[PDB]
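These notes are about the structure you will find just below.
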Amino acid sequence: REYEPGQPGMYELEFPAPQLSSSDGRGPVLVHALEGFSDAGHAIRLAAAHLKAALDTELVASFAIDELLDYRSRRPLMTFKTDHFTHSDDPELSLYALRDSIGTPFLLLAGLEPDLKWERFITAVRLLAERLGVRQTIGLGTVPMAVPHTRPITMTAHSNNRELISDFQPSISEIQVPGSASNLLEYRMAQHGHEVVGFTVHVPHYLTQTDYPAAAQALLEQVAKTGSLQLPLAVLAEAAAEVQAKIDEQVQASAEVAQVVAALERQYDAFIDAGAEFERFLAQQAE
Amino acid sequence: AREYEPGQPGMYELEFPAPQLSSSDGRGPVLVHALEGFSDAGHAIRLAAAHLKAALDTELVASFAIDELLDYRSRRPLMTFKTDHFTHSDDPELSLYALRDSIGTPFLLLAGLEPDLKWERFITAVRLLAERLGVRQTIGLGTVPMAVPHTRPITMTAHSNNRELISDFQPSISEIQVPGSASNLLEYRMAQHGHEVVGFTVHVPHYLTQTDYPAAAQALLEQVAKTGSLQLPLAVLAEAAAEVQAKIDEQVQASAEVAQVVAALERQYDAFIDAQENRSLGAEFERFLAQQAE
Amino acid sequence: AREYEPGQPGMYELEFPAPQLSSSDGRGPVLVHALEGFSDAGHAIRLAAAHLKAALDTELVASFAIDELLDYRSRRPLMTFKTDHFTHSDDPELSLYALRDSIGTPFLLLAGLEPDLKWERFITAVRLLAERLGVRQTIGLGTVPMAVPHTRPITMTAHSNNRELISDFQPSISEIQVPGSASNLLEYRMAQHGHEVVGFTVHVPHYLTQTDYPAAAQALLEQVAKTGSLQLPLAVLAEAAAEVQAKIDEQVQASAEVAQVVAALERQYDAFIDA
Amino acid sequence: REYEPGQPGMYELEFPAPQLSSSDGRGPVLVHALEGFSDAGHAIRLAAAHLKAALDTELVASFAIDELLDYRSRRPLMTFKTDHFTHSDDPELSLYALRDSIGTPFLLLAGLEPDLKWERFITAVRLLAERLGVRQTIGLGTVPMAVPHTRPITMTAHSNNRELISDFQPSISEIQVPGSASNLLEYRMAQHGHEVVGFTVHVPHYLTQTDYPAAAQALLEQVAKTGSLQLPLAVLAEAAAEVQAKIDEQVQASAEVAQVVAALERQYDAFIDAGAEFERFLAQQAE
Amino acid sequence: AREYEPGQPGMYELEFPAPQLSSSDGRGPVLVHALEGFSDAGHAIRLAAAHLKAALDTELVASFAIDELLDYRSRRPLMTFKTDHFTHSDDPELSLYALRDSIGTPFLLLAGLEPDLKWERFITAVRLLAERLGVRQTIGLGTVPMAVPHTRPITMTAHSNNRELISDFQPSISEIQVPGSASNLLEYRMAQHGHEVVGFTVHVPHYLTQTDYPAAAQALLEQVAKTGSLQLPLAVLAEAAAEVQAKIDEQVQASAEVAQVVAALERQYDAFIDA
Amino acid sequence: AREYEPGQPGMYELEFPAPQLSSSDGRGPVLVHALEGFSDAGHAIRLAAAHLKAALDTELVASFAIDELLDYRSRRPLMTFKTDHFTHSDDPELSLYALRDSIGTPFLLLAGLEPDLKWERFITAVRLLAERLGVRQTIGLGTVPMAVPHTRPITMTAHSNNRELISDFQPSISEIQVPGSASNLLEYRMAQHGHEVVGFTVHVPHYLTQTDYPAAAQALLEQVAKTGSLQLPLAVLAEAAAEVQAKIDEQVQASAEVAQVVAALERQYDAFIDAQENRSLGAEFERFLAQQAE
């Protein structure tokens with residue numbers, strides 16, 4: 001009986017570990033992208049998927065999703081063809097090693113946000129990140145906002161190093177937000193002296209429950225910038241513009257909708273001429 | 001020093017040893033699975049499992065660790081309170097039973113709550129028990145609410161990885177994506193490992209979804225009997241079905257509003273019959289099942 | 001070579017050693033349980049537990065593996081975000097504490113979040129610790145919303161497997177089925193094993209449900225003191241209840257609409273009491 | 001990952017359990033035969049082997065010998081042919097179900113006496129015996145004695161039911177003997193109200209370290225008698241007489257040896273004309 | 001649903017709760033360890049431990065999983081056989097006890113068989129319990145055979161990481177390699193973690209090695225009392241030592257051969273002491 | 001919350017991540033195993049493992065749970081006692097190391113005490129690590145005392161499941177039964193799973209069995225070097241061998257009694273050579289190895 005090494009009931013290591021040292025010889029960036037907390041425009045799913053599809057990807061550790069998942073809250077999708085079941089869409093939670101367009105290795109934590117054992121999960125992710133010499137941890141988030149899809153995508157950034165988010169202008173005072181595994185990971189990681197940064201992309205609220213690839217693009221572009229990675233984005237941008245074109249059509253068809261969007265454009269332009277909405281929208285998504 | 005009952009830690013205890021499970025002809029047992037928590041229209045799954053256990057000789061083979069697999073705050077156990085103190089708790093079960101039909105043919109019954117947690121580990125344990133125990137066929141029970149009258153023959157959607165086992169039925173489905181269930185995933189996983197599986201999803205009038213409808217349990221069991229080659233004593237359950245059926249007619253005929261809903265359904269149903277009949281010379285399933293799955 | 005803290009793995013670590021838990025009497029301790037997540041009108045269960053821990057000498061006896069017991073996606077712990085980063089996480093706790101009352105009588109307090117998972121295994125651990133510690137009586141806390149005004153005496157309902165402990169209450173109830181809570185199930189199971197159990201359910205005006213209402217917590221603890229023969233120092237809790245009470249009376253005289261609503265409840269409460 | 005049911009680190013159940021009910025419908029007898037305590041004439045090994053060879057045998061549970069064995073005290077024998085290893089003699093510890101000559105089922109616990117965890121082992125054997133309805137537990141033992149191979153084989157019996165050993169005449173007062181897993185099993189089993197009996201066969205001391213099949217025969221004959229089993233002994237008796245013939249030859253060849261044997265014959269005959277030696281011989285073997 | 005006793009699985013069950021282990025002083029308890037299976041001349045380690053448990057108030061604090069720690073084939077526990085059946089098994093124990101001395105000062109005693117297995121994991125458990133209980137000093141017991149007569153004062157050798165605790169002894173030793181014992185390793189590891197440790201090794205006439213010789217046990221405990229500032233009641237132990245002593249002197253005057261042997265040892269002992 | 005280092009509970013901790021173990025040519029690492037406690041004539045196993053770890057760049061890959069695998073009362077750790085207190089404990093190790101030879105070729109070294117307990121579980125863990133890590137060849141080290149002089153070339157008995165790997169040697173053995181060892185059983189188990197294995201058992205003069213004899217360690221390592229295609233820096237060990245060799249001559253030439261024993265051996269040895277040589281134109285192994293195995 002062969003025991004596949006790792007941490008029992010948490011993760012299995014995939015052998016062998018990849019090489020994660022750069023040309024300059026410094027540590028990898030770690031990007032985390034967990035679904036189940038706030039998935040407006042399904043931006044997090046699409047961002048992770050693209051990286052995996054568009055880049056060289058190797059499994060480093062697969063987490064014990066079966067021990068972490070509430071299957072009755074999030075039932076796996078099954079396929080039925082005529083008179084029998086033909087496919088099961090199995091949930092995943094994994095740590096990947098990727099290489100960017102000039103072969104710079106980085107790590108990707110992606111899959112379902114676990115329902116259970118956040119602290120054991122997060123301690124495990126940190127230990128792995130430390131063993132692999134992670135220099136910077138980057139989290140992805142989305143949040144619905146009263147913004148149009150016809151104006152540039154906006155984004156709130158958070159970090160424990162103010163130099164890392166100097167391109168941003170914080171419009172938030174002390175607030176209380178529901179926790180996510182990603183946010184708690186970011187925080188626990190910070191309590192241990194690791195450099196963390198996260199980006200929460202703003203998605204028009206009427207697009208909350210559809211694929212909005214542009215949102216993913218914005219996140220990934222920001223990841224490229226902050227982590228010194230070169231990410232092949234063209235296919236995502238292509239898909240993003242395709243969806244944009246289709247959304248324009250559904251609006252220029254319904255006089256009702258267009259006013260809603262136009263009204264949002266008007267308001268968008270006012271803010272540019274220069275927290276509580278963030279708190280209300282996150283709490284709704286967290287349920 | 002302290003006794004340890006054998007099994008799989010954190011998954012099930014065996015009631016060792018298990019009874020003889022082979023037929024007079026050396027053939028292996030049928031395995032029936034009936035789990036509540038996915039879709040329970042007519043409470044048909046609970047009723048069918050309860051009837052088998054009540055009407056036939058029943059032995060425990062394995063107790064699953066329901067305490068390890070249940071979200072208690074989503075499904076709080078019902079407690080009885082009498083004046084000033086608690087008198088009873090409805091305890092959740094998840095068990096594998098050995099039964100014998102009316103002529104002594106052994107078979108297995110997996111019944112209780114659908115788990116919230118650990119479906120893969122759970123399914124593997126069942127698949128491993130079924131193999132150890134010689135299982136030759138695995139039959140799943142299901143319900144789904146549908147726009148059909150209680151006044152027309154009970155219909156049913158069959159599935160199997162062997163078409164001969166369901167030649168009596170006319171596939172009313174093409175490709176669809178439905179929320180998975182422990183029972184369905186068990187059936188799928190079982191098939192992936194070359195086991196023979198079959199499943200019956202009975203149709204319950206949507207106006208009867210949250211009530212006891214023994215007729216639907218009887219239909220399921222009558223089907224298990226044909227497919228499994230079992231003789232199942234259904235008399236008492238049929239009696240209950242009839243009694244309930246008569247209460248529903250009385251109730252529907254006392255409300256000209258519900259009397260119309262029903263009459264309308266009878267119309268659609270006869271028309272779908274006639275149409276499917278003449279053809280002899282899907283989205284409802286999805287919308288309704290996904291609705292319950294929440 | 002690596003230090004392992006004693007307990008029941010996946011369920012609790014003992015804070016070893018426990019304090020002494022027998023009185024001069026030699027009699028066994030009372031056990032109080034106060035779990036949140038079932039019904040928390042007025043936040044009265046959190047408030048009552050927090051007060052006991054703040055006003056008395058408190059030592060941890062056991063930490064329950066809350067990380068093994070919690071559905072984090074259902075109860076996302078609150079995080080504090082200030083400007084451009086996270087400054088705090090509201091971390092969940094589930095603990096068994098040992099306390100001494102105002103004259104040094106020792107007792108136990110089980111407090112924290114109601115677990116989502118493993119109720120039986122949890123309840124067996126509590127029972128086993130209670131037995132080893134010689135628990136003589138087990139007292140449950142609860143709150144429920146009622147159509148009742150804050151300007152009338154605080155109602156509470158009692159249950160027990162021993163009718164002599166609740167002789168002061170007039171049970172206006174008879175057979176019902178209710179969804180269980182970890183606390184309710186703890187109480188029932190204890191009873192099945194012959195332990196003496198009692199519980200108290202305080203009634204909170206429905207319009208104060210999602211508010212700190214210390215008066216309800218004070219009411220609960222007053223009852224614990226009486227039933228458990230404990231001397232509990234409630235001065236500071238009572239000061240807070242009065243503060244809160246005063247501000248509510250104020251809201252009432254400030255809005256003619258609000259005043260009428262409350263007046264209407266006073267009429268019902270007064271009507272019901274004659275029955 | 002399939003978990004083979006049983007008690008982790010102790011035994012695996014072999015499926016399915018056999019039928020152990022008789023014609024009269026009463027429980028099986030359980031015979032235990034453990035090697036490593038006192039194996040004069042290798043009588044215990046040979047007794048177990050014969051039953052397994054001569055009878056229908058099915059595995060019920062295999063114990064976790066790898067968790068119970070001191071491999072450096074009792075190294076498994078390996079076979080080397082010319083320039084490589086060709087075989088490993090793997091240790092075993094098993095519960096078997098057998099049928100006697102008229103198909104009466106009984107149980108056999110046989111293999112190495114474990115070095116470790118006697119109490120966990122014994123609790124496990126008892127639980128299994130109770131689940132299977134064992135009515136009587138029968139232990140096998142050997143002990144070297146100053147007796148000849150030319151006189152009938154003698155045997156001490158012990159039991160918690162005096163009726164079961166009425167054919168015997170106890171020549172022992174209160175003594176202290178080193179423990180064996182078999183003896184402790186017998187005792188623990190008795191403390192729990194189970195009917196136990198054991199037979200310790202007396203083996204000429206100069207035959208301690210050779211196969212003396214007759215000793216096995218005596219034990220098995222006694223087992224047949226006490227458990228109401230019919231055991232096909234002819235092959236064992238054949239082998240026993242063969243060995244007897246060879247031992248006669250080694251003695252009628254050495255004037256030295258023969259006097260030793262003759263002297264023992266003389267003493268054997270005196271005792272027939274009608275504890276501390278038992279204590280001295282057992283303690284030596286137990287090391 | 002099934003009751004689980006708290007501890008470290010596969011290593012120990014706590015007898016929960018422990019007694020109080022701090023003196024009126026508030027000072028921490030002394031820890032004594034007395035393990036058998038390394039060197040047991042005179043059975044002095046068993047005897048000393050047995051006496052402490054018999055003469056003082058004794059409560060079990062932890063039971064070590066002796067069944068997980070013992071090689072039964074090396075140390076076959078004795079069974080009693082009377083006529084035609086087994087009447088008794090001498091069951092192995094490995095325990096941490098809490099004791100009170102003659103004026104109520106609490107202390108700890110680790111006693112039983114030296115384990116065969118898992119010394120590090122064992123030693124870490126002992127250390128962790130000692131720390132939690134606030135152990136202030138750890139005292140080891142040992143015996144060795146020597147060519148020395150029973151008619152001369154009982155010699156004993158001492159070791160410690162603090163030379164002030166053994167200032168009364170004249171170390172006639174210098175670098176040697178010796179096979180470790182669980183007790184020796186416990187002591188060394190404790191020391192590595194900054195705990196204050198001391199050990200005592202009593203010397204037993206080689207001709208009394210496989211005999212109960214209570215005088216040696218009494219000598220050890222007298223030293224524990226002194227080093228640990230404990231008041232131990234030894235009257236009954238001393239009575240037994242005298243009984244045994246008297247019977248040995250008797251054997252000596254009864255056999256001219258034996259008397260000469262002992263006389264010869266008296267000459268050597270007396271010769272050595274001048275050095 | 002508290003950190004958990006990955007591995008197999010109760011068997012080994014990984015030092016994660018492991019170094020690169022592939023050669024400049026994509027080829028996998030050689031695995032060398034050197035375990036003490038079976039037969040340790042000349043202390044040759046300990047010495048050879050110690051030299052590799054001291055002379056080459058060494059990284060820990062896995063620490064085995066020696067505390068779970070050792071009988072402490074059979075092998076008590078040596079402790080140093082200085083006047084009145086303990087100053088040192090010789091702690092037992094059982095570890096899997098990654099090393100690099102003099103040109104940077106990575107290889108693995110398994111070294112430390114032969115366990116008393118759990119050989120199967122232990123062996124499986126090693127076999128599973130070797131597979132995960134790409135091992136292409138497993139080389140075992142051994143000693144056995146033999147009637148041979150320290151004054152003649154060191155001989156050696158080779159074994160392998162590939163004859164080409166040991167074509168340099170002349171099998172001096174037919175069928176035999178020897179007490180098993182963890183190293184031997186590892187080699188056997190490994191072969192059972194289609195792995196390439198080889199093993200060298202060096203011959204130590206029986207009068208040198210309980211002393212350091214670095215020559216025998218050097219011979220072993222020189223062999224690992226040929227078979228494994230490794231460049232091993234042996235200079236310092238050779239120096240030690242020579243120094244020890246010169247002390248033995250001095251000592252043997254100062255005792256005309258031992259001078260004869262040796263001279264007698266030289267005679268037998270030259271005769272066995274000449275005889276085996278002319279043939280070109282077993283029980284000792286058993287009796288001696290079994291003797292040590294106790």
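By convention in this document, the chains of the structure tokens carry letters A, B, ... by their order, each chain's residues are numbered from 1, and ligands are numbered from 1 in the order they are shown.
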Within 6 Å of chain D, which residues of chain B come that close, and what is the closest atom pair and distance in Å for each? Count only C-alpha atoms and give it as a Markdown table.
| residue | atom | partner | partner_atom | distance |
| --- | --- | --- | --- | --- |
| B:1 | CA | D:123 | CA | 5.4 |
| B:6 | CA | D:6 | CA | 4.2 |
| B:7 | CA | D:5 | CA | 4.5 |
| B:8 | CA | D:5 | CA | 5.5 |
| B:132 | CA | D:15 | CA | 5.7 |
Go ahead and save the picked residues with N, CA, C and O atoms, as an mmCIF file, in the first residue's frame.
data_model
loop_
_atom_site.group_PDB
_atom_site.id
_atom_site.type_symbol
_atom_site.label_atom_id
_atom_site.label_comp_id
_atom_site.auth_asym_id
_atom_site.auth_seq_id
_atom_site.Cartn_x
_atom_site.Cartn_y
_atom_site.Cartn_z
ATOM 1 N N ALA B 1 -7.148 -3.273 24.619
ATOM 2 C CA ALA B 1 -8.003 -3.556 25.772
ATOM 3 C C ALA B 1 -9.471 -3.193 25.505
ATOM 4 O O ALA B 1 -10.369 -4.027 25.684
ATOM 5 N N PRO B 6 -14.822 -3.232 13.543
ATOM 6 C CA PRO B 6 -14.062 -3.071 12.296
ATOM 7 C C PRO B 6 -14.822 -2.252 11.244
ATOM 8 O O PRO B 6 -16.050 -2.175 11.249
ATOM 9 N N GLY B 7 -14.078 -1.650 10.331
ATOM 10 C CA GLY B 7 -14.680 -0.817 9.319
ATOM 11 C C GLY B 7 -13.663 0.100 8.691
ATOM 12 O O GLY B 7 -12.492 -0.257 8.552
ATOM 13 N N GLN B 8 -14.126 1.274 8.282
ATOM 14 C CA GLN B 8 -13.258 2.320 7.787
ATOM 15 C C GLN B 8 -13.409 3.522 8.706
ATOM 16 O O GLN B 8 -14.477 4.125 8.785
ATOM 17 N N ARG B 132 -16.828 -6.284 -2.412
ATOM 18 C CA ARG B 132 -16.601 -7.308 -1.396
ATOM 19 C C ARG B 132 -17.818 -8.214 -1.211
ATOM 20 O O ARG B 132 -17.672 -9.412 -0.956
#
* To do: Write out as a PyMOL selection string which residues come within 10 Å of residue B:53 when counting only C-alpha atoms, dropping same-chain ones fewer than 4 positions away.
  => chain B and resi 48-49+57-59+97-100+109+111
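You can rank C:127, C:100, C:76, C:53 by their closest distance to chain E using only C-alpha atoms, and at the top of that list sits C:127.
Remark: for residue D:77, the closest of the candidate residues F:191, F:290, F:123, F:208 is F:290 (distances computed over only C-alpha atoms).
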* Hey, what's within 10 Å of residue F:149 if we count only C-alpha atoms and toss same-chain stuff fewer than 4 positions away? As a PyMOL selection string, please? -> chain F and resi 153-154+203-208+261-269
* **Counting only C-alpha atoms, chain C residues within 12 Å of chain A, as a ChimeraX atom specification** => /C:10,65-92,115-117
Would you put the residues from that selection into a file with C-alpha atoms, as a PDB file, in the first residue's frame?
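Output contents, as saved in again.pdb:
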ATOM      1  CA  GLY C  10      -9.830  16.990  15.860  1.00  0.00           C
ATOM      2  CA  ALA C  65     -11.267  22.572  17.099  1.00  0.00           C
ATOM      3  CA  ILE C  66     -13.524  25.339  15.762  1.00  0.00           C
ATOM      4  CA  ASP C  67     -11.724  25.088  12.424  1.00  0.00           C
ATOM      5  CA  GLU C  68     -12.909  21.486  12.183  1.00  0.00           C
ATOM      6  CA  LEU C  69     -16.466  22.419  13.244  1.00  0.00           C
ATOM      7  CA  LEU C  70     -17.252  25.538  11.201  1.00  0.00           C
ATOM      8  CA  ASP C  71     -18.726  26.139   7.745  1.00  0.00           C
ATOM      9  CA  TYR C  72     -16.767  29.289   6.890  1.00  0.00           C
ATOM     10  CA  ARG C  73     -18.733  30.011   3.745  1.00  0.00           C
ATOM     11  CA  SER C  74     -21.975  30.196   5.752  1.00  0.00           C
ATOM     12  CA  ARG C  75     -20.451  32.261   8.538  1.00  0.00           C
ATOM     13  CA  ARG C  76     -17.736  34.327   6.971  1.00  0.00           C
ATOM     14  CA  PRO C  77     -15.786  35.830   9.892  1.00  0.00           C
ATOM     15  CA  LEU C  78     -15.692  39.611   9.676  1.00  0.00           C
ATOM     16  CA  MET C  79     -12.513  41.287   8.482  1.00  0.00           C
ATOM     17  CA  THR C  80     -11.598  44.921   9.116  1.00  0.00           C
ATOM     18  CA  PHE C  81     -10.442  46.913   6.113  1.00  0.00           C
ATOM     19  CA  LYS C  82      -8.899  50.327   6.748  1.00  0.00           C
ATOM     20  CA  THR C  83      -7.974  52.465   3.700  1.00  0.00           C
ATOM     21  CA  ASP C  84      -5.931  49.990   1.626  1.00  0.00           C
ATOM     22  CA  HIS C  85      -5.352  46.876   3.741  1.00  0.00           C
ATOM     23  CA  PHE C  86      -6.745  44.401   6.244  1.00  0.00           C
ATOM     24  CA  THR C  87      -6.171  45.225   9.919  1.00  0.00           C
ATOM     25  CA  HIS C  88      -8.202  42.587  11.694  1.00  0.00           C
ATOM     26  CA  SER C  89     -10.030  39.273  11.590  1.00  0.00           C
ATOM     27  CA  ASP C  90     -12.880  38.447  13.929  1.00  0.00           C
ATOM     28  CA  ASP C  91     -11.712  34.935  14.822  1.00  0.00           C
ATOM     29  CA  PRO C  92     -14.322  32.310  15.854  1.00  0.00           C
ATOM     30  CA  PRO C 115     -20.804  24.265  15.566  1.00  0.00           C
ATOM     31  CA  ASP C 116     -22.048  23.443  12.032  1.00  0.00           C
ATOM     32  CA  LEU C 117     -20.612  19.942  12.066  1.00  0.00           C
TER      33      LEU C 117
END
* To do: Just the residues within 8 Å of stretch 257-264 of chain C, please, counting only C-alpha atoms, with nothing from its chain fewer than 5 positions along; format it as an MDAnalysis selection string.
  => chainID C and resid 149 251:252
* **Non-local contacts of residue D:251 (12 Å; only C-alpha atoms; under 4 positions in same chain excluded) as JSON, numbers by chain** => {"D": [148, 149, 150, 206, 244, 245, 246, 247, 255, 256, 257, 258, 259, 260, 261, 262]}
* Kindly determine which residues of chain F lie within 12 Å of chain C, considering only C-alpha atoms, and give the answer as number ranges by chain. => F: 1-5, 65-68, 91
Could you take the residues named above and write them with N, CA and C atoms, as a tab-separated table (two decimals), in the first residue's frame?
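Wrote it out as selection04.tsv, contents follow:
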chain	number	residue	atom	x	y	z
F	1	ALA	N	-3.51	26.09	11.57
F	1	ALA	CA	-2.76	27.18	12.20
F	1	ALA	C	-1.29	26.81	12.45
F	2	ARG	N	-1.07	25.68	13.12
F	2	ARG	CA	0.28	25.16	13.36
F	2	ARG	C	0.81	24.39	12.14
F	3	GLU	N	2.03	24.71	11.72
F	3	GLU	CA	2.61	24.14	10.49
F	3	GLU	C	2.86	22.62	10.50
F	4	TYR	N	2.53	21.99	9.37
F	4	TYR	CA	2.65	20.55	9.19
F	4	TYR	C	3.57	20.28	8.01
F	5	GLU	N	4.73	19.67	8.26
F	5	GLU	CA	5.67	19.36	7.19
F	5	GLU	C	5.22	18.09	6.45
F	65	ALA	N	11.17	8.27	10.38
F	65	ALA	CA	10.77	8.27	11.78
F	65	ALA	C	11.51	7.16	12.53
F	66	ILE	N	12.81	7.36	12.72
F	66	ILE	CA	13.63	6.36	13.40
F	66	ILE	C	13.06	6.09	14.80
F	67	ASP	N	12.56	7.13	15.47
F	67	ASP	CA	11.93	6.95	16.78
F	67	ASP	C	10.75	5.96	16.78
F	68	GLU	N	10.08	5.83	15.63
F	68	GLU	CA	8.98	4.88	15.48
F	68	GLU	C	9.45	3.48	15.06
F	91	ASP	N	22.57	10.36	18.79
F	91	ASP	CA	21.22	10.19	18.26
F	91	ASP	C	21.19	9.37	16.98
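Of note, atom CA of residue D:94 and atom CA of residue D:281 are spaced 28.1 Å apart.
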* **DSSP-assigned alpha helix (DSSP H) among stretch 16-226 of chain E, expressed as a PyMOL selection string** => chain E and resi 44-55+66-69+119-132+182-192+214-226
* Asked: Out of stretch 2-137 of chain B, which residues get strand (DSSP E or B) from DSSP, as a PyMOL selection string?
  -> chain B and resi 7-8+12-14+30-36+58-64+71+78-82+85-89+94-100+106-113+117+137
Atoms kept (C-alpha atoms) for selection, written as a short mmCIF file (atom, residue, chain, number, x, y, z; two decimals), in the first residue's frame:
data_model
loop_
_atom_site.label_atom_id
_atom_site.label_comp_id
_atom_site.auth_asym_id
_atom_site.auth_seq_id
_atom_site.Cartn_x
_atom_site.Cartn_y
_atom_site.Cartn_z
CA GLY B 7 -14.68 -0.82 9.32
CA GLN B 8 -13.26 2.32 7.79
CA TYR B 12 -18.47 3.22 8.49
CA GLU B 13 -18.62 0.47 11.08
CA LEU B 14 -19.32 -3.08 9.97
CA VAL B 30 -28.89 -6.52 -5.91
CA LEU B 31 -27.98 -3.19 -4.27
CA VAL B 32 -30.73 -0.59 -3.92
CA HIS B 33 -29.80 2.98 -2.92
CA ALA B 34 -32.34 5.43 -1.52
CA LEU B 35 -31.03 8.78 -0.27
CA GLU B 36 -32.96 11.82 0.96
CA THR B 58 -33.64 -6.53 7.94
CA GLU B 59 -30.06 -6.79 9.18
CA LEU B 60 -27.55 -3.96 9.55
CA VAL B 61 -24.41 -4.46 7.50
CA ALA B 62 -22.72 -1.07 7.90
CA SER B 63 -23.47 2.18 9.77
CA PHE B 64 -22.01 5.17 8.00
CA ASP B 71 -24.17 19.84 8.03
CA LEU B 78 -36.36 17.78 14.65
CA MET B 79 -36.88 17.62 18.40
CA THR B 80 -40.18 17.09 20.24
CA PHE B 81 -40.96 19.51 23.06
CA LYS B 82 -43.68 18.60 25.53
CA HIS B 85 -38.93 19.51 28.36
CA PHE B 86 -37.57 17.73 25.30
CA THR B 87 -38.83 14.20 24.70
CA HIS B 88 -37.36 13.01 21.41
CA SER B 89 -34.79 13.72 18.71
CA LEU B 94 -27.09 6.54 6.79
CA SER B 95 -26.90 2.75 6.66
CA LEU B 96 -26.25 -0.31 4.50
CA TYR B 97 -28.83 -3.05 5.21
CA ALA B 98 -29.18 -6.71 4.22
CA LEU B 99 -32.77 -7.78 3.58
CA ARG B 100 -34.59 -10.85 2.26
CA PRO B 106 -30.98 -11.65 -0.10
CA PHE B 107 -30.43 -8.08 -1.24
CA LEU B 108 -28.79 -4.88 -0.04
CA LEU B 109 -30.37 -1.52 0.77
CA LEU B 110 -28.38 1.69 1.18
CA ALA B 111 -30.61 4.32 2.85
CA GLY B 112 -30.72 7.47 4.95
CA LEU B 113 -29.68 11.10 4.38
CA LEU B 117 -19.59 16.22 2.81
CA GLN B 137 -26.60 -4.78 -10.07
#
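Separating atom CA of residue F:218 from atom CA of residue F:247 is a distance of 17.2 Å.
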Please identify every residue of chain E that has at least one atom no farther than 7 Å from an atom of chain C, counting only C-alpha atoms, and for each give the shortest atom pair and the distance in Å to one decimal, arranged by chain then increasing number, as CSV.
residue,atom,partner,partner_atom,distance
E:1,CA,C:120,CA,5.5
E:2,CA,C:124,CA,6.8
E:3,CA,C:124,CA,6.1
E:4,CA,C:8,CA,7.0
E:6,CA,C:7,CA,4.2
E:7,CA,C:6,CA,4.2
E:8,CA,C:6,CA,5.1
E:16,CA,C:132,CA,6.3
E:17,CA,C:18,CA,6.4
E:18,CA,C:17,CA,6.4
E:20,CA,C:20,CA,6.8
E:120,CA,C:1,CA,5.5
E:121,CA,C:1,CA,5.6
E:124,CA,C:1,CA,5.6
E:125,CA,C:3,CA,6.9
E:128,CA,C:3,CA,6.4
E:132,CA,C:16,CA,6.3
E:133,CA,C:17,CA,6.8
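Here atom CA of residue A:9 and atom CA of residue A:67 stand 6.4 Å from one another.
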* To do: Excluding residue A:212 and any residue of its chain fewer than 5 positions from it, enumerate the residues within 12 Å of it, using only C-alpha atoms, and give them as a PyMOL selection string.
  => chain A and resi 39-47+142+144+149+153+201-207+217-219+236-247
* 12 Å contact set for stretch 166-168 of chain F, only C-alpha atoms, chain neighbours under 2 positions out, as a PyMOL selection string -> (chain D and resi 82-84) or (chain F and resi 139+155-164+170-171+197-200+223-224+226-227)
